[PDB]
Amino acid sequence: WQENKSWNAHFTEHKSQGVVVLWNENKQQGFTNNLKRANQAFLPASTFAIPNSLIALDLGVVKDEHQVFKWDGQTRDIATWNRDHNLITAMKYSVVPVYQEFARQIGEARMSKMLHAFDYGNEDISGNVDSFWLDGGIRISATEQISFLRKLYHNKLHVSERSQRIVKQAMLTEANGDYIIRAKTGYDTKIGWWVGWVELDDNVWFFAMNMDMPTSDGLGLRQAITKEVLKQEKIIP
């Protein structure tokens, strides 16, 4: 692990504070602007969609990425949530009601065992079984996110290969002739997350970033700052 404090400019240029963590898979080397904050554990918020979806698929709670989760008919504040969804759109729009239903069907006992088998963060599900990743005791650091994501990328998590492939499909965020990004955003009113990886022809760069997010206005800085770092390191054009 190498600390590049010159990456701090990418945060300070946006009047922001946070951490970007990168992992070169071929070289087995990591880079970050702040080693300490790279290892600071936060609530996963909507980034918990990745383990949650994996467990739900492996237990049969979700059949596949096409299966429709009917809206319960409760109107909530996020407009995108009040409609039918599948695994793809649930991940795209961070539809909490869907993932809460996942967690309830999974149950406390299976959820706890699965997160331990996943070596996921602090592995603590204290709180409501359907809201612990939002207001409970589970915490995960950026380096721990990358550890988890590396296992997912290689199909080495303790779930079926099929479940991992489907979740990685649902993680699809951006793709062009130069790279593929599979990733998941998160925002809990205090900090914003972006965790995932960049697939290249001959390598994969894993990333996990978080930053202080006082207001929603700057949510796009999550991706912008990350991509500005990736471009500086010549990972993407």
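Each residue number is its position in the shown sequence, starting from 1.
Between 94 to 102 and 142 to 150, it is 94 to 102 that carries the larger average Cα temperature factor according to the deposited entry. For the pair 187 to 195 and 204 to 212, the record assigns the higher mean C-alpha temperature factor to 187 to 195. Considering 83, 165, 158, 113 together, the PDB entry gives 83 the largest C-alpha B factor. Among the modelled residues of its chain, residue 70 has a C-alpha B-factor that falls in the highest third according to the deposited record. Annotation for residue 182: C-alpha temperature factor in the lowest third relative to the rest of the modelled chain, per the entry. Placement of the Cα temperature factor of residue 39 within the chain: middle third of the modelled residues, per the deposited record. Compared with the other modelled residues of the chain, the Cα B-factor recorded for residue 52 ranks in the lowest third. Ranked within its chain, residue 219 lands in the highest third, by CA B factor from the PDB record.
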